[PDB]
$ cat start_11.cif   # mmCIF, N, CA and C atoms
data_data
loop_
_atom_site.label_atom_id
_atom_site.label_comp_id
_atom_site.auth_asym_id
_atom_site.auth_seq_id
_atom_site.Cartn_x
_atom_site.Cartn_y
_atom_site.Cartn_z
N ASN U 255 22.15 108.96 52.49
CA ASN U 255 23.44 108.52 52.98
C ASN U 255 24.39 108.18 51.84
N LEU U 256 23.86 107.64 50.75
CA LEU U 256 24.72 107.30 49.63
C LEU U 256 25.03 108.51 48.78
N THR U 257 24.08 109.43 48.62
CA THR U 257 24.43 110.69 47.98
C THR U 257 25.45 111.45 48.82
N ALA U 258 25.33 111.36 50.14
CA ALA U 258 26.34 111.95 51.01
C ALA U 258 27.70 111.30 50.79
N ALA U 259 27.73 109.96 50.72
CA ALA U 259 29.01 109.26 50.58
C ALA U 259 29.65 109.56 49.24
N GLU U 260 28.87 109.48 48.17
CA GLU U 260 29.35 109.85 46.86
C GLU U 260 29.93 111.25 46.88
N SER U 261 29.18 112.19 47.48
CA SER U 261 29.64 113.57 47.59
C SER U 261 30.98 113.66 48.31
N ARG U 262 31.10 112.99 49.46
CA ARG U 262 32.36 112.98 50.19
C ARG U 262 33.49 112.44 49.33
N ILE U 263 33.19 111.52 48.41
CA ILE U 263 34.20 111.09 47.46
C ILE U 263 34.38 112.13 46.37
N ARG U 264 33.34 112.36 45.57
CA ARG U 264 33.51 113.08 44.32
C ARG U 264 33.74 114.57 44.51
N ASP U 265 33.07 115.19 45.47
CA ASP U 265 33.05 116.64 45.55
C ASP U 265 34.37 117.17 46.08
N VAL U 266 34.47 118.49 46.13
CA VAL U 266 35.68 119.20 46.53
C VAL U 266 35.35 120.07 47.73
N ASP U 267 36.30 120.16 48.67
CA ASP U 267 36.26 121.19 49.70
C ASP U 267 36.77 122.47 49.05
N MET U 268 35.87 123.11 48.29
CA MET U 268 36.28 124.15 47.35
C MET U 268 36.87 125.35 48.06
N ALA U 269 36.53 125.55 49.33
CA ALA U 269 37.27 126.51 50.14
C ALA U 269 38.73 126.10 50.25
N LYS U 270 38.96 124.87 50.73
CA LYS U 270 40.31 124.35 50.87
C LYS U 270 41.01 124.31 49.52
N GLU U 271 40.29 123.90 48.49
CA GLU U 271 40.89 123.79 47.17
C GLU U 271 41.19 125.17 46.59
N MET U 272 40.52 126.21 47.09
CA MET U 272 40.86 127.56 46.67
C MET U 272 42.09 128.06 47.41
N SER U 273 42.18 127.79 48.71
CA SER U 273 43.41 128.12 49.43
C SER U 273 44.60 127.43 48.77
N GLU U 274 44.40 126.19 48.34
CA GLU U 274 45.41 125.48 47.57
C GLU U 274 45.67 126.17 46.24
N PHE U 275 44.61 126.62 45.57
CA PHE U 275 44.73 127.30 44.28
C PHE U 275 45.64 128.52 44.40
N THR U 276 45.26 129.43 45.30
CA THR U 276 46.10 130.56 45.69
C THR U 276 47.53 130.12 45.93
N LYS U 277 47.71 129.11 46.78
CA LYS U 277 49.05 128.68 47.17
C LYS U 277 49.89 128.31 45.96
N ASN U 278 49.35 127.45 45.09
CA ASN U 278 50.08 127.03 43.91
C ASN U 278 50.40 128.20 43.00
N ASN U 279 49.49 129.17 42.91
CA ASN U 279 49.79 130.36 42.12
C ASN U 279 50.98 131.12 42.70
N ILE U 280 51.01 131.28 44.02
CA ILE U 280 52.10 132.02 44.64
C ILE U 280 53.41 131.28 44.45
N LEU U 281 53.37 129.96 44.48
CA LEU U 281 54.60 129.20 44.26
C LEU U 281 55.08 129.36 42.83
N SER U 282 54.15 129.32 41.88
CA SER U 282 54.51 129.55 40.48
C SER U 282 55.16 130.91 40.31
N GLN U 283 54.46 131.96 40.71
CA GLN U 283 54.95 133.33 40.52
C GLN U 283 56.25 133.56 41.28
N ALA U 284 56.42 132.89 42.42
CA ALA U 284 57.68 132.98 43.14
C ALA U 284 58.81 132.34 42.35
N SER U 285 58.55 131.16 41.79
CA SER U 285 59.54 130.52 40.93
C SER U 285 59.88 131.42 39.75
N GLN U 286 58.89 132.17 39.27
CA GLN U 286 59.13 133.11 38.18
C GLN U 286 60.05 134.24 38.62
N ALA U 287 59.85 134.74 39.84
CA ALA U 287 60.80 135.70 40.40
C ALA U 287 62.20 135.12 40.44
N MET U 288 62.33 133.87 40.88
CA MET U 288 63.64 133.24 40.96
C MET U 288 64.25 133.08 39.58
N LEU U 289 63.42 132.92 38.56
CA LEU U 289 63.93 132.87 37.20
C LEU U 289 64.45 134.24 36.78
N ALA U 290 63.68 135.28 37.10
CA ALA U 290 64.08 136.64 36.77
C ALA U 290 65.42 136.98 37.39
N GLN U 291 65.63 136.58 38.65
CA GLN U 291 66.92 136.82 39.29
C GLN U 291 67.98 135.88 38.74
N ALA U 292 67.57 134.70 38.27
CA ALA U 292 68.54 133.72 37.79
C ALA U 292 69.18 134.19 36.49
N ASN U 293 68.42 134.88 35.65
CA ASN U 293 68.95 135.35 34.38
C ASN U 293 69.75 136.64 34.50
N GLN U 294 70.22 137.02 35.69
CA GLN U 294 70.99 138.24 35.90
C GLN U 294 72.47 137.99 36.15
N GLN U 295 72.89 136.74 36.34
CA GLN U 295 74.29 136.42 36.64
C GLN U 295 75.17 136.43 35.39
N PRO U 296 74.75 135.83 34.26
CA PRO U 296 75.60 135.89 33.06
C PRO U 296 75.93 137.30 32.60
N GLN U 297 75.05 138.26 32.88
CA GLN U 297 75.33 139.64 32.52
C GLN U 297 76.43 140.21 33.38
N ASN U 298 76.51 139.78 34.63
CA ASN U 298 77.63 140.15 35.48
C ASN U 298 78.91 139.50 34.98
N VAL U 299 78.81 138.27 34.49
CA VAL U 299 79.97 137.65 33.83
C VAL U 299 80.40 138.50 32.65
N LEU U 300 79.44 139.08 31.93
CA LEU U 300 79.78 139.93 30.80
C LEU U 300 80.44 141.22 31.27
N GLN U 301 79.96 141.77 32.39
CA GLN U 301 80.62 142.92 32.99
C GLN U 301 82.06 142.59 33.31
N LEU U 302 82.31 141.35 33.75
CA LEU U 302 83.68 140.92 33.98
C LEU U 302 84.44 140.83 32.67
N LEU U 303 83.76 140.47 31.58
CA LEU U 303 84.42 140.43 30.28
C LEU U 303 84.79 141.82 29.80
N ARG U 304 83.99 142.82 30.15
CA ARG U 304 84.25 144.19 29.73
C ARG U 304 83.38 145.18 30.49
N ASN B 255 70.21 116.40 36.41
CA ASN B 255 71.50 115.90 36.86
C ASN B 255 72.42 115.62 35.69
N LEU B 256 71.88 115.16 34.57
CA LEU B 256 72.72 114.88 33.42
C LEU B 256 73.05 116.14 32.64
N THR B 257 72.11 117.08 32.56
CA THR B 257 72.48 118.37 32.00
C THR B 257 73.52 119.06 32.87
N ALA B 258 73.41 118.88 34.18
CA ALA B 258 74.44 119.40 35.08
C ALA B 258 75.79 118.74 34.80
N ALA B 259 75.80 117.41 34.65
CA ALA B 259 77.05 116.69 34.45
C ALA B 259 77.69 117.07 33.12
N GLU B 260 76.89 117.07 32.06
CA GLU B 260 77.38 117.52 30.77
C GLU B 260 77.97 118.91 30.88
N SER B 261 77.25 119.82 31.54
CA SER B 261 77.74 121.18 31.73
C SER B 261 79.09 121.20 32.45
N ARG B 262 79.20 120.45 33.54
CA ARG B 262 80.47 120.37 34.26
C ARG B 262 81.59 119.87 33.36
N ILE B 263 81.25 119.02 32.39
CA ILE B 263 82.25 118.63 31.40
C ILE B 263 82.44 119.74 30.37
N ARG B 264 81.40 120.03 29.60
CA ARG B 264 81.56 120.83 28.39
C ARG B 264 81.83 122.30 28.68
N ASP B 265 81.17 122.87 29.69
CA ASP B 265 81.18 124.31 29.86
C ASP B 265 82.52 124.78 30.41
N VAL B 266 82.64 126.10 30.54
CA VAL B 266 83.87 126.75 30.97
C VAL B 266 83.57 127.55 32.23
N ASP B 267 84.52 127.57 33.16
CA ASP B 267 84.52 128.53 34.26
C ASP B 267 85.04 129.84 33.69
N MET B 268 84.15 130.54 32.98
CA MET B 268 84.56 131.63 32.10
C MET B 268 85.19 132.78 32.88
N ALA B 269 84.86 132.90 34.16
CA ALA B 269 85.63 133.79 35.02
C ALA B 269 87.08 133.34 35.10
N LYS B 270 87.29 132.08 35.49
CA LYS B 270 88.64 131.53 35.58
C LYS B 270 89.32 131.56 34.23
N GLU B 271 88.58 131.24 33.18
CA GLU B 271 89.17 131.20 31.85
C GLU B 271 89.49 132.60 31.35
N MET B 272 88.84 133.62 31.93
CA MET B 272 89.20 135.00 31.60
C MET B 272 90.45 135.42 32.35
N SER B 273 90.54 135.07 33.63
CA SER B 273 91.79 135.33 34.36
C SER B 273 92.96 134.67 33.65
N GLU B 274 92.73 133.46 33.13
CA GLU B 274 93.72 132.78 32.31
C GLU B 274 93.99 133.55 31.02
N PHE B 275 92.92 134.06 30.40
CA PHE B 275 93.05 134.82 29.15
C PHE B 275 93.98 136.01 29.34
N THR B 276 93.63 136.87 30.30
CA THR B 276 94.49 137.96 30.75
C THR B 276 95.91 137.48 30.94
N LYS B 277 96.08 136.41 31.73
CA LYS B 277 97.42 135.94 32.08
C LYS B 277 98.24 135.63 30.84
N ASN B 278 97.67 134.84 29.93
CA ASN B 278 98.39 134.48 28.71
C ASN B 278 98.72 135.70 27.87
N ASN B 279 97.83 136.69 27.85
CA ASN B 279 98.14 137.93 27.14
C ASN B 279 99.35 138.62 27.75
N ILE B 280 99.39 138.69 29.08
CA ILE B 280 100.50 139.38 29.74
C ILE B 280 101.80 138.63 29.49
N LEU B 281 101.74 137.30 29.43
CA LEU B 281 102.95 136.55 29.15
C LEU B 281 103.42 136.78 27.72
N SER B 282 102.48 136.82 26.78
CA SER B 282 102.83 137.13 25.40
C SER B 282 103.50 138.49 25.31
N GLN B 283 102.82 139.53 25.79
CA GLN B 283 103.34 140.89 25.68
C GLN B 283 104.65 141.06 26.44
N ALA B 284 104.82 140.31 27.53
CA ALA B 284 106.08 140.33 28.24
C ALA B 284 107.19 139.72 27.40
N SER B 285 106.91 138.59 26.77
CA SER B 285 107.88 137.99 25.85
C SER B 285 108.22 138.95 24.73
N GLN B 286 107.25 139.75 24.31
CA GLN B 286 107.49 140.76 23.28
C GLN B 286 108.43 141.84 23.78
N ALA B 287 108.26 142.26 25.04
CA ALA B 287 109.23 143.17 25.65
C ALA B 287 110.62 142.56 25.64
N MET B 288 110.73 141.28 25.99
CA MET B 288 112.03 140.62 26.01
C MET B 288 112.63 140.55 24.62
N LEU B 289 111.78 140.46 23.60
CA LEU B 289 112.28 140.49 22.23
C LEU B 289 112.82 141.87 21.91
N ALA B 290 112.07 142.91 22.29
CA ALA B 290 112.49 144.28 22.05
C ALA B 290 113.85 144.56 22.68
N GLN B 291 114.06 144.07 23.90
CA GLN B 291 115.35 144.25 24.54
C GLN B 291 116.40 143.33 23.92
N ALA B 292 115.96 142.18 23.39
CA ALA B 292 116.91 141.22 22.83
C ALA B 292 117.55 141.76 21.56
N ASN B 293 116.79 142.51 20.78
CA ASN B 293 117.31 143.06 19.53
C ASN B 293 118.14 144.33 19.72
N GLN B 294 118.63 144.61 20.93
CA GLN B 294 119.42 145.81 21.21
C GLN B 294 120.90 145.51 21.43
N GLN B 295 121.29 144.25 21.54
CA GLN B 295 122.69 143.89 21.79
C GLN B 295 123.57 143.96 20.54
N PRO B 296 123.12 143.45 19.38
CA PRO B 296 123.96 143.57 18.18
C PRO B 296 124.31 144.99 17.81
N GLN B 297 123.46 145.95 18.15
CA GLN B 297 123.75 147.35 17.88
C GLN B 297 124.88 147.84 18.76
N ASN B 298 124.95 147.33 19.99
CA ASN B 298 126.09 147.62 20.84
C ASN B 298 127.35 146.98 20.29
N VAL B 299 127.23 145.79 19.72
CA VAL B 299 128.36 145.20 19.01
C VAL B 299 128.80 146.11 17.88
N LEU B 300 127.85 146.76 17.22
CA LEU B 300 128.20 147.67 16.14
C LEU B 300 128.88 148.91 16.69
N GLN B 301 128.42 149.40 17.84
CA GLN B 301 129.11 150.50 18.50
C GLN B 301 130.55 150.11 18.79
N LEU B 302 130.78 148.85 19.15
CA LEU B 302 132.14 148.38 19.33
C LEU B 302 132.89 148.36 18.01
N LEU B 303 132.19 148.08 16.91
CA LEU B 303 132.84 148.11 15.60
C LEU B 303 133.23 149.53 15.21
N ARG B 304 132.45 150.52 15.63
CA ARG B 304 132.73 151.91 15.29
C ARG B 304 131.89 152.86 16.13
#
$ encode --input "start_11.cif" --output "structure tokens"
Amino acid sequence: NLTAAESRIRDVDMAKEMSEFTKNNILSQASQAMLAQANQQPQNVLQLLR
Amino acid sequence: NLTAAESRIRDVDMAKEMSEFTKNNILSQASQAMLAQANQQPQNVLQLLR
């Protein structure tokens, strides 16, 4: 019972923590896409310059 | 928020500042046209002289 309790504290629902892992990766890479699109506006400003 | 605020102070609405750039150029060159026409009256005075 105490090894069970310790486990419920210390251990990980590694299935759930993997779904979370995936999720955080997708959020990172999505933010990276938003960065890629974000760095495209000043060039349009340059098109306006010439 | 503070980089945003600094930017709102320091930076330029470079689109607007370009429309302004264009505008000031056209006013300059227009004044130059008015100079070109302005230097044509004394010659008519000379035509009156002879």
$ interface_residues --input "start_11.cif" --of "chain B" --to "chain U" --cutoff "8 Å" --atoms "all atoms listed in the file" --output "count of residues only"
3
$ atom_distance --input "start_11.cif" --atom1 "CA of residue 264 in chain B" --atom2 "CA of residue 281 in chain B"
26.6 Å
$ atom_distance --input "start_11.cif" --atom1 "CA of residue 285 in chain B" --atom2 "atom C of residue 298 in chain B"
22.2 Å
$ atom_distance --input "start_11.cif" --atom1 "atom C of residue 278 in chain B" --atom2 "atom N of residue 297 in chain B"
28.5 Å
$ axis_aligned_box --input "start_11.cif" --around "range 275-294 of chain U" --padding-each-side "8 Å" --output "lines of an AutoDock Vina configuration file"
center_x = 58.5
center_y = 132.4
center_z = 40.8
size_x = 43.9
size_y = 27.6
size_z = 28.8
$ decode --input "start_11.cif" --residues "chain U" --atoms "N, CA and C atoms" --output "PDB file, in the first residue's frame"
ATOM      1  N   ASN U 255       0.816  -1.202   0.000  1.00  0.00           N
ATOM      2  CA  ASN U 255       0.000   0.000   0.000  1.00  0.00           C
ATOM      3  C   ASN U 255       0.853   1.256   0.000  1.00  0.00           C
ATOM      4  N   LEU U 256       1.999   1.216   0.674  1.00  0.00           N
ATOM      5  CA  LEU U 256       2.856   2.391   0.703  1.00  0.00           C
ATOM      6  C   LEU U 256       3.696   2.503  -0.553  1.00  0.00           C
ATOM      7  N   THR U 257       4.135   1.381  -1.116  1.00  0.00           N
ATOM      8  CA  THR U 257       4.762   1.461  -2.427  1.00  0.00           C
ATOM      9  C   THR U 257       3.766   1.941  -3.467  1.00  0.00           C
ATOM     10  N   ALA U 258       2.504   1.537  -3.329  1.00  0.00           N
ATOM     11  CA  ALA U 258       1.467   2.056  -4.207  1.00  0.00           C
ATOM     12  C   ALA U 258       1.307   3.561  -4.032  1.00  0.00           C
ATOM     13  N   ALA U 259       1.270   4.033  -2.784  1.00  0.00           N
ATOM     14  CA  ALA U 259       1.057   5.457  -2.533  1.00  0.00           C
ATOM     15  C   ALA U 259       2.220   6.285  -3.040  1.00  0.00           C
ATOM     16  N   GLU U 260       3.435   5.856  -2.717  1.00  0.00           N
ATOM     17  CA  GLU U 260       4.620   6.512  -3.239  1.00  0.00           C
ATOM     18  C   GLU U 260       4.560   6.584  -4.755  1.00  0.00           C
ATOM     19  N   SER U 261       4.232   5.459  -5.394  1.00  0.00           N
ATOM     20  CA  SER U 261       4.110   5.413  -6.847  1.00  0.00           C
ATOM     21  C   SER U 261       3.099   6.428  -7.359  1.00  0.00           C
ATOM     22  N   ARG U 262       1.913   6.468  -6.749  1.00  0.00           N
ATOM     23  CA  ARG U 262       0.900   7.443  -7.142  1.00  0.00           C
ATOM     24  C   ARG U 262       1.428   8.864  -7.014  1.00  0.00           C
ATOM     25  N   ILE U 263       2.322   9.102  -6.054  1.00  0.00           N
ATOM     26  CA  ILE U 263       2.975  10.405  -5.979  1.00  0.00           C
ATOM     27  C   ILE U 263       4.062  10.508  -7.040  1.00  0.00           C
ATOM     28  N   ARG U 264       5.098   9.684  -6.924  1.00  0.00           N
ATOM     29  CA  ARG U 264       6.327   9.916  -7.672  1.00  0.00           C
ATOM     30  C   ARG U 264       6.189   9.611  -9.157  1.00  0.00           C
ATOM     31  N   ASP U 265       5.464   8.560  -9.513  1.00  0.00           N
ATOM     32  CA  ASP U 265       5.496   8.063 -10.878  1.00  0.00           C
ATOM     33  C   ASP U 265       4.708   8.975 -11.802  1.00  0.00           C
ATOM     34  N   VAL U 266       4.729   8.628 -13.082  1.00  0.00           N
ATOM     35  CA  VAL U 266       4.105   9.414 -14.138  1.00  0.00           C
ATOM     36  C   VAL U 266       3.085   8.541 -14.850  1.00  0.00           C
ATOM     37  N   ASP U 267       1.958   9.144 -15.231  1.00  0.00           N
ATOM     38  CA  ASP U 267       1.037   8.529 -16.184  1.00  0.00           C
ATOM     39  C   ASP U 267       1.642   8.745 -17.566  1.00  0.00           C
ATOM     40  N   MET U 268       2.632   7.909 -17.883  1.00  0.00           N
ATOM     41  CA  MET U 268       3.524   8.186 -19.004  1.00  0.00           C
ATOM     42  C   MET U 268       2.788   8.170 -20.334  1.00  0.00           C
ATOM     43  N   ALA U 269       1.651   7.483 -20.400  1.00  0.00           N
ATOM     44  CA  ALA U 269       0.761   7.653 -21.540  1.00  0.00           C
ATOM     45  C   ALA U 269       0.269   9.091 -21.619  1.00  0.00           C
ATOM     46  N   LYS U 270      -0.332   9.571 -20.530  1.00  0.00           N
ATOM     47  CA  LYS U 270      -0.826  10.941 -20.480  1.00  0.00           C
ATOM     48  C   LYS U 270       0.305  11.932 -20.678  1.00  0.00           C
ATOM     49  N   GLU U 271       1.450  11.655 -20.066  1.00  0.00           N
ATOM     50  CA  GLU U 271       2.577  12.568 -20.170  1.00  0.00           C
ATOM     51  C   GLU U 271       3.169  12.547 -21.575  1.00  0.00           C
ATOM     52  N   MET U 272       2.919  11.480 -22.337  1.00  0.00           N
ATOM     53  CA  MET U 272       3.337  11.465 -23.733  1.00  0.00           C
ATOM     54  C   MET U 272       2.368  12.257 -24.596  1.00  0.00           C
ATOM     55  N   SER U 273       1.066  12.092 -24.361  1.00  0.00           N
ATOM     56  CA  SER U 273       0.103  12.935 -25.062  1.00  0.00           C
ATOM     57  C   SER U 273       0.403  14.406 -24.807  1.00  0.00           C
ATOM     58  N   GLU U 274       0.784  14.724 -23.573  1.00  0.00           N
ATOM     59  CA  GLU U 274       1.232  16.067 -23.236  1.00  0.00           C
ATOM     60  C   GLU U 274       2.513  16.421 -23.986  1.00  0.00           C
ATOM     61  N   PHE U 275       3.446  15.468 -24.070  1.00  0.00           N
ATOM     62  CA  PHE U 275       4.713  15.687 -24.771  1.00  0.00           C
ATOM     63  C   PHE U 275       4.472  16.098 -26.216  1.00  0.00           C
ATOM     64  N   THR U 276       3.757  15.243 -26.946  1.00  0.00           N
ATOM     65  CA  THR U 276       3.262  15.553 -28.280  1.00  0.00           C
ATOM     66  C   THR U 276       2.657  16.945 -28.331  1.00  0.00           C
ATOM     67  N   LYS U 277       1.716  17.217 -27.426  1.00  0.00           N
ATOM     68  CA  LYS U 277       0.986  18.481 -27.453  1.00  0.00           C
ATOM     69  C   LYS U 277       1.933  19.671 -27.385  1.00  0.00           C
ATOM     70  N   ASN U 278       2.838  19.662 -26.407  1.00  0.00           N
ATOM     71  CA  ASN U 278       3.779  20.762 -26.253  1.00  0.00           C
ATOM     72  C   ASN U 278       4.667  20.907 -27.476  1.00  0.00           C
ATOM     73  N   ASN U 279       5.049  19.790 -28.097  1.00  0.00           N
ATOM     74  CA  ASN U 279       5.824  19.877 -29.332  1.00  0.00           C
ATOM     75  C   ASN U 279       5.038  20.585 -30.423  1.00  0.00           C
ATOM     76  N   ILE U 280       3.762  20.234 -30.573  1.00  0.00           N
ATOM     77  CA  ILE U 280       2.952  20.838 -31.625  1.00  0.00           C
ATOM     78  C   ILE U 280       2.767  22.322 -31.358  1.00  0.00           C
ATOM     79  N   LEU U 281       2.657  22.703 -30.088  1.00  0.00           N
ATOM     80  CA  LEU U 281       2.523  24.121 -29.780  1.00  0.00           C
ATOM     81  C   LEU U 281       3.806  24.865 -30.093  1.00  0.00           C
ATOM     82  N   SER U 282       4.947  24.263 -29.762  1.00  0.00           N
ATOM     83  CA  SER U 282       6.227  24.865 -30.110  1.00  0.00           C
ATOM     84  C   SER U 282       6.335  25.072 -31.613  1.00  0.00           C
ATOM     85  N   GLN U 283       6.191  23.992 -32.377  1.00  0.00           N
ATOM     86  CA  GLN U 283       6.356  24.057 -33.825  1.00  0.00           C
ATOM     87  C   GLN U 283       5.328  24.983 -34.466  1.00  0.00           C
ATOM     88  N   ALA U 284       4.141  25.071 -33.873  1.00  0.00           N
ATOM     89  CA  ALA U 284       3.146  26.013 -34.364  1.00  0.00           C
ATOM     90  C   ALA U 284       3.597  27.445 -34.133  1.00  0.00           C
ATOM     91  N   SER U 285       4.116  27.728 -32.936  1.00  0.00           N
ATOM     92  CA  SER U 285       4.673  29.046 -32.662  1.00  0.00           C
ATOM     93  C   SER U 285       5.798  29.366 -33.633  1.00  0.00           C
ATOM     94  N   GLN U 286       6.554  28.345 -34.030  1.00  0.00           N
ATOM     95  CA  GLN U 286       7.620  28.531 -35.006  1.00  0.00           C
ATOM     96  C   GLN U 286       7.055  28.905 -36.367  1.00  0.00           C
ATOM     97  N   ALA U 287       5.952  28.265 -36.763  1.00  0.00           N
ATOM     98  CA  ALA U 287       5.256  28.687 -37.976  1.00  0.00           C
ATOM     99  C   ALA U 287       4.839  30.146 -37.884  1.00  0.00           C
ATOM    100  N   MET U 288       4.294  30.548 -36.735  1.00  0.00           N
ATOM    101  CA  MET U 288       3.863  31.930 -36.567  1.00  0.00           C
ATOM    102  C   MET U 288       5.042  32.884 -36.632  1.00  0.00           C
ATOM    103  N   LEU U 289       6.218  32.428 -36.213  1.00  0.00           N
ATOM    104  CA  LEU U 289       7.410  33.249 -36.352  1.00  0.00           C
ATOM    105  C   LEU U 289       7.783  33.395 -37.818  1.00  0.00           C
ATOM    106  N   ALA U 290       7.739  32.281 -38.549  1.00  0.00           N
ATOM    107  CA  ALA U 290       8.058  32.293 -39.971  1.00  0.00           C
ATOM    108  C   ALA U 290       7.158  33.262 -40.722  1.00  0.00           C
ATOM    109  N   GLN U 291       5.867  33.264 -40.397  1.00  0.00           N
ATOM    110  CA  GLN U 291       4.959  34.209 -41.035  1.00  0.00           C
ATOM    111  C   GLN U 291       5.170  35.617 -40.500  1.00  0.00           C
ATOM    112  N   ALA U 292       5.630  35.735 -39.254  1.00  0.00           N
ATOM    113  CA  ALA U 292       5.800  37.051 -38.652  1.00  0.00           C
ATOM    114  C   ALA U 292       6.936  37.813 -39.310  1.00  0.00           C
ATOM    115  N   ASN U 293       7.982  37.104 -39.721  1.00  0.00           N
ATOM    116  CA  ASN U 293       9.123  37.751 -40.354  1.00  0.00           C
ATOM    117  C   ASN U 293       8.911  38.050 -41.837  1.00  0.00           C
ATOM    118  N   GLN U 294       7.667  38.061 -42.330  1.00  0.00           N
ATOM    119  CA  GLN U 294       7.375  38.329 -43.733  1.00  0.00           C
ATOM    120  C   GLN U 294       6.758  39.702 -43.976  1.00  0.00           C
ATOM    121  N   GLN U 295       6.382  40.430 -42.928  1.00  0.00           N
ATOM    122  CA  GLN U 295       5.745  41.737 -43.083  1.00  0.00           C
ATOM    123  C   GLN U 295       6.743  42.856 -43.394  1.00  0.00           C
ATOM    124  N   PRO U 296       7.891  42.939 -42.701  1.00  0.00           N
ATOM    125  CA  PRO U 296       8.855  44.000 -43.042  1.00  0.00           C
ATOM    126  C   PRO U 296       9.323  43.964 -44.483  1.00  0.00           C
ATOM    127  N   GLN U 297       9.332  42.790 -45.104  1.00  0.00           N
ATOM    128  CA  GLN U 297       9.718  42.694 -46.503  1.00  0.00           C
ATOM    129  C   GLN U 297       8.662  43.307 -47.397  1.00  0.00           C
ATOM    130  N   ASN U 298       7.399  43.199 -47.002  1.00  0.00           N
ATOM    131  CA  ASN U 298       6.339  43.899 -47.704  1.00  0.00           C
ATOM    132  C   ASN U 298       6.466  45.400 -47.513  1.00  0.00           C
ATOM    133  N   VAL U 299       6.882  45.828 -46.318  1.00  0.00           N
ATOM    134  CA  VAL U 299       7.200  47.241 -46.120  1.00  0.00           C
ATOM    135  C   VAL U 299       8.305  47.663 -47.077  1.00  0.00           C
ATOM    136  N   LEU U 300       9.267  46.776 -47.321  1.00  0.00           N
ATOM    137  CA  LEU U 300      10.341  47.103 -48.248  1.00  0.00           C
ATOM    138  C   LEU U 300       9.818  47.179 -49.674  1.00  0.00           C
ATOM    139  N   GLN U 301       8.894  46.285 -50.025  1.00  0.00           N
ATOM    140  CA  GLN U 301       8.236  46.376 -51.323  1.00  0.00           C
ATOM    141  C   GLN U 301       7.554  47.724 -51.474  1.00  0.00           C
ATOM    142  N   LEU U 302       6.982  48.230 -50.384  1.00  0.00           N
ATOM    143  CA  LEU U 302       6.404  49.563 -50.418  1.00  0.00           C
ATOM    144  C   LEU U 302       7.488  50.620 -50.591  1.00  0.00           C
ATOM    145  N   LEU U 303       8.678  50.377 -50.035  1.00  0.00           N
ATOM    146  CA  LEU U 303       9.777  51.322 -50.228  1.00  0.00           C
ATOM    147  C   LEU U 303      10.253  51.332 -51.673  1.00  0.00           C
ATOM    148  N   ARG U 304      10.176  50.193 -52.352  1.00  0.00           N
ATOM    149  CA  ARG U 304      10.625  50.105 -53.736  1.00  0.00           C
ATOM    150  C   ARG U 304      10.164  48.807 -54.380  1.00  0.00           C
TER     151      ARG U 304
END
